[PDB]
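> Quick one: the structure is below, and I'll ask about it shortly.
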Amino acid sequence: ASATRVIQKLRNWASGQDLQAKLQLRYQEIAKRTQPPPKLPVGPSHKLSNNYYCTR
Amino acid sequence: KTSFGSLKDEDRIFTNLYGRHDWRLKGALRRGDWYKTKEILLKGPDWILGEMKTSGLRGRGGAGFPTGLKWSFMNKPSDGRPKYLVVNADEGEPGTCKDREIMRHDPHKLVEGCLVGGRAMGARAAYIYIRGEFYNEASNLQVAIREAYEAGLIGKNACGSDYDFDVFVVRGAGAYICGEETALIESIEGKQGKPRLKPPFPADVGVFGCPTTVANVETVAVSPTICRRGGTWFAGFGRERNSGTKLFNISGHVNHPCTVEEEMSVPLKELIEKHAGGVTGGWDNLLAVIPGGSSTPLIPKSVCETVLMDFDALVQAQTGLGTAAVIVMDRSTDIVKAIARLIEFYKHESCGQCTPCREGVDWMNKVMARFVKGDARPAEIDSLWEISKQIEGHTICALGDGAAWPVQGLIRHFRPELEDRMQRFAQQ
Ligand SMILES: Cc1cc2nc3c(=O)[nH]c(=O)nc-3n(C[C@H](O)[C@H](O)[C@H](O)COP(=O)(O)O)c2cc1C
Ligand code: SF4
């Protein structure tokens with residue numbers, strides 16, 4: 001990100017394709033490392049009725 | 001042979017069911033008791049069972065079973081053991097007062113029934129198990145036995161007859177489950193009032209390890225006059241397969257709750273309009289009926305107007321006839337509260353030796369109390385239905401069935417009410 005706008009041009013030329021838009025290093029574009037709590041779903045067979053293990 | 005539901009006093013089989021004439025020998029001997037019982041006994045056992053089978057008498061207890069077919073299970077001869085006739089008077093089911101009101105006001109009918117039924121079977125003696133709260137009724141019955149012994153109708157030469165008999169009186173201690181066929185026997189033998197597996201049937205090994213035939217009070221009380229008047233006379237009342245007179249208790253939400261004798265297959269609407277004058281607020285206000293005592297499901301008023309009081313009819317109605325104690329609701333009533341009270345009763349009276357009624361009855365008590373408060377969700381009603389169907393046939397006795405059937409009747413006819421209560425509690 002800190003590439004002084006002329007070395008930026010130098011590297012984009014020498015490589016031949018814009019990499020200031022697609023960088024290797026992650027600055028702020030990624031998930032913050034603390035996140036809100038989830039609430040996972042609950043799958044079938046918690047039907048509470050008409051769910052006999054003999055049938056499945 | 002149609003719409004036959006009302007009869008006259010010529011055919012009243014419990015003529016003193018209101019304590020208006022007398023209850024001792026001098027006054028029951030005038031109403032036609034101990035008339036030709038000597039001749040009935042000297043006739044034979046096969047003739048009495050013939051009268052039984054021709055009368056089409058089904059069991060006047062909970063389960064309606066044809067007698068004759070039942071009492072004939074120990075017509076077979078003695079294997080060097082005695083035989084006994086146990087009478088069931090642990091009138092513990094809700095709504096039931098018929099055995100009380102025969103026990104007092106007409107005991108000699110029951111004594112003659114014991115004697116005749118024993119000679120129909122073979123029986124060294126009888127054991128009339130009676131409820132523990134029925135102290136004064138048992139005292140009247142013991143006075144009746146005293147009078148009969150002193151008169152020469154029981155003992156060494158019972159009505160001549162060269163047939164010796166005794167009528168004992170056992171006295172329970174406050175349990176409803178002891179009214180079962182075999183729990184009665186275990187409590188007589190002096191153990192916990194816990195049923196048995198059946199087999200072995202009581203007709204081969206029963207009380208004291210000896211054969212027995214359990215029988216309700218009125219089932220035996222109607223036998224001697226059936227032999228004295230004939231089964232065809234008795235079969236004329238009722239249909240071809242549901243026969244006889246019947247004592248009818250009518251309880252709750254009606255102007256005049258009473259106990260009444262009436263013709264079998266009578267319509268219930270006639271039963272409540274004629275006798276026990278119409279329900280509180282009239283037919284405008286009815287909500288539901290419980291024809292059996294408490295071990296039978298409800299009726300939502302759609303199928304009580306044009307439905308007969310019978311075994312087959314109420315079986316077709318997804319219900320059943322039990323002790324024929326009618327209970328009535330009046331739209332002023334939390335019905336879930338009523339069925340939850342019935343399940344609390346079944347929980348208190350469960351014996352506890354078989355796991356379904358030991359656990360699932362408390363499951364359903366908690367669930368129905370929760371529905372009463374409304375702290376559930378509608379996906380639990382089908383679960384409750386499944387718990388019922390688990391309890392139904394996987395028990396020993398029929399108390400699990402009796403605690404499951406009311407829940408089924410409620411879910412089958414009053415599920416929108418449960419849904420309304422659930423959404424009410426949810427929105428609040
Ligand atoms: C929990 C339970 C309670 C019962 N209570 C009685 C009762 O109080 N009185 C009664 O006559 N039968 C009661 N029964 C049914 C008896 O088995 C029945 O009366 C007895 O077997 C006589 O059958 P019968 O009607 O064919 O003569 C009860 C059954 C169960 C499962
Ligand atoms: S169903 Fe209930 S009362 Fe009947 S044997 Fe089982 S636990 Fe006892």
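Simple scheme: letters A, B, ... for chains in structure tokens order, numbers from 1 for residues in each chain, numbers from 1 for ligands in the order shown.
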Give the residues of chain A that lie within 10 Å of chain B; count only C-alpha atoms, and format the answer as a VMD selection string.

chain A and resid 47 to 51

> Dump C-alpha atoms for the selected residues as a PDB file, in the first residue's frame?


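out02.pdb written:
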ATOM      1  CA  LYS A  47     -38.896 -33.259  14.633  1.00  0.00           C
ATOM      2  CA  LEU A  48     -40.226 -33.969  18.177  1.00  0.00           C
ATOM      3  CA  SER A  49     -42.768 -36.413  16.665  1.00  0.00           C
ATOM      4  CA  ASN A  50     -42.984 -39.005  13.889  1.00  0.00           C
ATOM      5  CA  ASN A  51     -39.213 -39.501  14.294  1.00  0.00           C
TER       6      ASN A  51
END

> Give the residue list for ligand 2 at 10 Å, counting only C-alpha atoms and all ligand atoms, as a VMD selection string, sorted by chain and then by residue number.

chain B and resid 176 to 178 180 182 to 183 193 to 197 346 to 361 391 to 403

> Grab me every residue within 7 Å of ligand 1, counting only C-alpha atoms and all ligand atoms, and send it over as number ranges by chain.

B: 58-67, 88-93, 176-181, 214-217, 219, 397-399

> Write out as a list in words which residues come within 12 Å of residue 8 (chain A) when counting only C-alpha atoms, dropping same-chain ones fewer than 6 positions away.

residues 1, 2, 14, 15, 16, 17, 18, 19, 20, 21 and 23 of chain A

> Nearest residue to residue 100 (chain B) out of B:157, B:54, B:213, B:249, using only C-alpha atoms?

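When distances to residue 100 (chain B) are compared using only C-alpha atoms, the smallest one comes from B:249.
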
> From a DSSP calculation on the backbone, collect every residue of chain A in alpha helix (DSSP H) and output the set as a VMD selection string.

chain A and resid 7 to 15
